[PDB]
Amino acid sequence: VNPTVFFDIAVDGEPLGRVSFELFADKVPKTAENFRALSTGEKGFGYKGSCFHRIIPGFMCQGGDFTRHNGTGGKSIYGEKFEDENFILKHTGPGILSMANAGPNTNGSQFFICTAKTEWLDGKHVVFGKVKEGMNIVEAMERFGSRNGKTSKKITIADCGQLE
């Protein structure tokens, strides 16, 4: 019943591979639906063509700023920002899907995929999905990050949408 969404990743325009995500619509329906709609682009805007602007190996890959491409922008389907829905789910290890924010109730479109257990983020960032297939592709993306988060090649969502 939970939707599955995919990203086809490119590295400087060259295809890398596909990552698919299960979204926990049962537990965070509003936050899952924001990510789902942005992946299909069905509202007229979304992630297709956007980049991962911050990649810290051994920590996380951050993306979703489709308006300024650098971590300052993005927007949700519900408006410029929407509330923290709940903190039922925790940052339990690599592959967790969680919302980036700038304080309480400031979710937009930026997210991060964990590549480490990140328990200090529990209760601060809404967990809403997990990598189903293609964790090896996320691991490959990591190798283009750096300690300060700058990426050595452009890492883009070349295509995205819904599988189930």
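Residue numbering for chain A follows Swiss-Prot; the residues present correspond to positions 2-165, in that order.
From the backbone N, Cα and C atoms, a Cβ is placed for every residue, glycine too.
Listed in Swiss-Prot:
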type	residues	note
CROSSLNK	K28	SUMO2 cross-link
CROSSLNK	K28	ubiquitin cross-link
CROSSLNK	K82	SUMO2 cross-link
DOMAIN	7-163	domain 'PPIase cyclophilin-type'
CARBOHYD	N108	N-linked glycosylation site
MOD_RES	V2	N-acetylvaline
MOD_RES	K28	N6-acetyllysine
MOD_RES	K44	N6-acetyllysine
MOD_RES	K76	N6-acetyllysine
MOD_RES	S77	phosphoserine
MOD_RES	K82	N6-acetyllysine
MOD_RES	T93	phosphothreonine
MOD_RES	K125	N6-acetyllysine
MOD_RES	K131	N6-acetyllysine
MOD_RES	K133	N6-acetyllysine
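A map of Swiss-Prot features onto the structure.
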{"residue": "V2", "record": "N-acetylvaline", "Cβ neighbours (10 Å)": "5"}
{"residue": "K44", "record": "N6-acetyllysine", "Cβ neighbours (10 Å)": "10"}
{"residue": "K76", "record": "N6-acetyllysine", "Cβ neighbours (10 Å)": "18"}
{"residue": "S77", "record": "phosphoserine", "Cβ neighbours (10 Å)": "20"}
{"residue": "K82", "record": "SUMO2 cross-link", "Cβ neighbours (10 Å)": "16"}
{"residue": "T93", "record": "phosphothreonine", "Cβ neighbours (10 Å)": "14"}
{"residue": "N108", "record": "N-linked glycosylation site", "Cβ neighbours (10 Å)": "25"}
{"residue": "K125", "record": "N6-acetyllysine", "Cβ neighbours (10 Å)": "15"}
{"residue": "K131", "record": "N6-acetyllysine", "Cβ neighbours (10 Å)": "21"}
{"residue": "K133", "record": "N6-acetyllysine", "Cβ neighbours (10 Å)": "18"}
Chain-internal residues near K28 (SUMO2 cross-link), provided their CB is under 8 angstroms and they sit 6+ positions away: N87, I89, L90
Alpha-carbon spacing, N108 (N-linked glycosylation site) to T93 (phosphothreonine), which is rounded to whole Å: 21
Reduced DSSP assignment, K28 (SUMO2 cross-link): coil
10 Å Cα neighbourhood of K133 (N6-acetyllysine): matching modified residues from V2, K44, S77: none
Candidate modified residues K76, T93, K131, pick with smallest Cα gap to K125 (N6-acetyllysine): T93
Rounded Cα-Cα span from the residue listed as 'phosphothreonine' to the residue listed as 'phosphoserine', Å: 25
Spatially closest candidate among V2, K44, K82, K131, the listed recorded positions, to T93 (phosphothreonine) (Cα to Cα): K131
Nearest of the recorded positions (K44, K76, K82, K131) to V2 (N-acetylvaline), judged by Cα-Cα distance: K131
